[PDB]
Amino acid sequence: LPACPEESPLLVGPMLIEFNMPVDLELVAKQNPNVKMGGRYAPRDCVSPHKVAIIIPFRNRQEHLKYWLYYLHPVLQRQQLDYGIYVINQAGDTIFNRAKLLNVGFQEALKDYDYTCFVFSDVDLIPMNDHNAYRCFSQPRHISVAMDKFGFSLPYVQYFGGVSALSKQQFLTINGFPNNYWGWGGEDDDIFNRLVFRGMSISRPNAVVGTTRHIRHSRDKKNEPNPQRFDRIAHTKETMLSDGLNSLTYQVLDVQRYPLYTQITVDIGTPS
């Protein structure tokens, strides 16, 4: 097989995105025949240079996830990516830890295949233009740049939350993500700090291509804003040295290969 072209010729650009109709994953699987068990896909006609593991931090967001799968799968295939979907389900009912789940995702996906790119996506964010590439670049990539919830523009120029993509080397270079941001807030800013402290800059598509929809939702229980977040992001430079991949432990409780995704239920513990 020849290499796929640099930019996919299958893209159609702007798309209509809606969250008011029911979704049946059996039907989605039928509509996405080429997606193999566990949510894996690679083009039949050419070799993609993008071996992407898409990591979703998760707990009790099945409805959002259904929308995510319905919209992203068609888009990811048009982008001609060699990809896999991983939903990192946090076991238990204690305080949520988005970033630690993301680290679990990186480490576990690597056990399945030689992925060299990682897209970290919240479960409720849908891209509105398939020209917004869900793969890696020479610098860390911020993907969800123009979210409807922020008035279709960045909330601040150093905002790196929502959806992003880091190559395997970029992720390893920053010792991954912090493991001690329990509850909502700041871990994305910590991550931005890590990248900057390791000589990188944020790459982004333009605001039109990067237009993204956030599924309106209410606060989840057990993910209360973390009061010590402002203090933690002020010391990233020092803490990133020993907090992240090199200080990570967890216990996978279950791995389920669904037609459209692999769900890893994991026990990431509680504080300290």
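Numbers for residues come from their place in the sequence shown, where the first is 1. What we label the rigid core is the largest C-alpha set whose atoms superpose within 1.5 Å from one form to the other.
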Core-aligned CA RMS in 6 other deposited structures of this protein: between 94-102 and 180-188 the higher one is 180-188
ask   = Checking the other PDB entries that cover both flanking residues: does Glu238 lack coordinates in at least a third?
value = no
| said: Of the other PDB entries for this protein whose models extend past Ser48 on both sides, does at least a third leave it without coordinates? | reply: no
Taking the deposited Cα B-factors and averaging over 63-71 and over 220-228, the higher mean is found in 220-228
Assert higher mean C-alpha B factor (242-250 or 23-31, deposited values) equals 23-31
Of the residues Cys46, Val209, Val52, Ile56, the one whose Cα carries the largest B-factor in the deposited record is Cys46
Entry-reported C-alpha B-factor of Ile95 relative to its chain, by third, is highest
Sorting the chain's modelled residues by C-alpha B-factor and splitting them into thirds places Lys111 in the highest
Split the chain's modelled residues into thirds by Cα B-factor; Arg213 lands in the middle
Assert third(CA B-factor, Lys237) within chain per record equals middle
